[PDB]
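upload37.txt (compact mmCIF, C-alpha atoms)
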# COMPACT_ATOMS: atom_id res chain seq x y z
CA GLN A 11 0.00 0.00 0.00
CA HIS A 12 2.75 2.44 0.94
CA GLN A 13 4.63 2.04 -2.34
CA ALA A 14 1.48 2.11 -4.43
CA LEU A 15 0.54 5.44 -2.85
CA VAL A 16 4.05 6.90 -3.36
CA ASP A 17 3.86 5.89 -7.05
CA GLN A 18 0.43 7.47 -7.46
CA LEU A 19 1.72 10.68 -5.86
CA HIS A 20 4.81 10.81 -8.05
CA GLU A 21 2.68 10.33 -11.17
CA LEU A 22 0.37 13.15 -10.05
CA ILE A 23 3.32 15.43 -9.28
CA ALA A 24 4.74 14.76 -12.75
CA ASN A 25 1.35 15.43 -14.35
CA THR A 26 1.01 18.77 -12.54
CA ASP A 27 4.34 20.36 -13.48
CA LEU A 28 3.41 24.02 -13.88
CA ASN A 29 5.57 24.47 -16.95
CA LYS A 30 3.74 21.67 -18.71
CA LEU A 31 0.37 23.17 -17.73
CA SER A 32 1.03 26.56 -19.35
CA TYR A 33 -1.59 25.97 -22.04
CA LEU A 34 -4.34 25.70 -19.40
CA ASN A 35 -4.00 29.37 -18.40
CA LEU A 36 -4.19 28.63 -14.66
CA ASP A 37 -4.94 31.46 -12.22
CA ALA A 38 -2.24 32.38 -9.72
CA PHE A 39 -4.24 30.79 -6.91
CA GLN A 40 -4.32 27.46 -8.79
CA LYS A 41 -0.58 27.58 -9.41
CA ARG A 42 0.00 28.26 -5.71
CA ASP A 43 -2.35 25.37 -4.82
CA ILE A 44 -0.30 23.03 -7.01
CA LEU A 45 3.00 24.28 -5.60
CA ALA A 46 1.75 23.78 -2.05
CA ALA A 47 0.47 20.24 -2.81
CA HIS A 48 3.77 19.29 -4.38
CA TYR A 49 5.66 20.48 -1.19
CA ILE A 50 3.21 18.63 1.06
CA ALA A 51 3.33 15.48 -1.06
CA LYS A 52 7.13 15.40 -1.10
CA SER A 53 7.31 16.10 2.64
CA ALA A 54 4.70 13.42 3.43
CA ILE A 55 6.51 10.85 1.25
CA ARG A 56 9.91 11.57 2.85
CA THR A 57 8.47 11.08 6.34
CA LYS A 58 6.21 8.13 5.40
CA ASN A 59 3.18 9.95 6.72
CA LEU A 60 0.41 7.85 5.22
CA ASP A 61 -2.40 10.19 6.22
CA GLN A 62 -0.70 13.22 4.66
CA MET A 63 0.25 11.18 1.58
CA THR A 64 -3.43 10.27 1.24
CA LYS A 65 -4.44 13.90 1.64
CA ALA A 66 -2.00 15.06 -1.02
CA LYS A 67 -3.02 12.30 -3.44
CA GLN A 68 -6.69 13.23 -3.21
CA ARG A 69 -5.80 16.91 -3.59
CA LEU A 70 -3.61 16.49 -6.68
CA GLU A 71 -6.04 14.07 -8.28
CA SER A 72 -8.86 16.58 -7.75
CA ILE A 73 -6.82 19.46 -9.20
CA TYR A 74 -5.62 17.52 -12.24
CA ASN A 75 -9.15 16.37 -13.04
CA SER A 76 -10.69 19.79 -12.61
CA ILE A 77 -8.12 21.75 -14.62
CA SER A 78 -8.27 19.22 -17.46
CA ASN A 79 -12.05 19.22 -17.79
CA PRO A 80 -15.02 21.57 -18.33
CA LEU A 81 -15.60 24.15 -15.59

Is it possible to express this structure as structure tokens?
Amino acid sequence: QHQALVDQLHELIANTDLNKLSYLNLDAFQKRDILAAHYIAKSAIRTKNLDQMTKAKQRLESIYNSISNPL
């Protein structure tokens, strides 16, 4: 479970690289949300905090889905 979650997080982090999301015209608040989630995700992974890893996974999944799809 731990490794599966780390892998999911790393995939989500890779898929939410701000440079690669330029074409989506994200608002500054969305960029900041992504930057914060990346910091939290990395920090949670490094410390093996499963609850915070779960939080960050749900957050990044939600963001990636919403920015990729109709308002």

Check your understanding: Which residue, A:45, A:50, A:77, A:70, has the smallest gap to residue 21 (chain A) when you use only C-alpha atoms?
Key -> A:70

Exercise for review: Compare A:81, A:63, A:15, A:31 by their minimum atom-to-atom distance to residue 48 (chain A), counting all atoms listed in the file, and give me the closest one.
Suggested key: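 Answer, going by the shortest atom-to-atom distance: A:63.
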
Practice item. Considering all atoms listed in the file, return as a VMD selection string whatever protein or nucleic-acid residues lie within 9 Å of residue 16 (chain A), sequence-local ones (same chain, fewer than 2 positions apart) excluded. Key: chain A and resid 11 to 14 18 to 21 51 55 63 67

Point to revise | Selection near residue 41 (chain A), 10 Å with only C-alpha atoms, sequence-local residues under 4 positions removed, as a PyMOL selection string | key: chain A and resi 26-28+31+35-37+45-47

Study note, to complete from the structure: Correct to one decimal, the distance CA of residue 74 (chain A)-CA of residue 33 (chain A) is 13.6 Å

Practice item. Point out the residue among A:53, A:78, A:40, A:29 with the least atom-to-atom distance to residue 66 (chain A), counting all atoms listed in the file. Key: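 Smallest separation from residue 66 (chain A) among the options: A:53.
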
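The space separating CA of residue 34 (chain A) from CA of residue 52 (chain A) comes to 23.9 Å.
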
Practice item. Work out how far apart CA of residue 25 (chain A) and CA of residue 71 (chain A) are and give it in Å to one decimal. Key: 9.7 Å
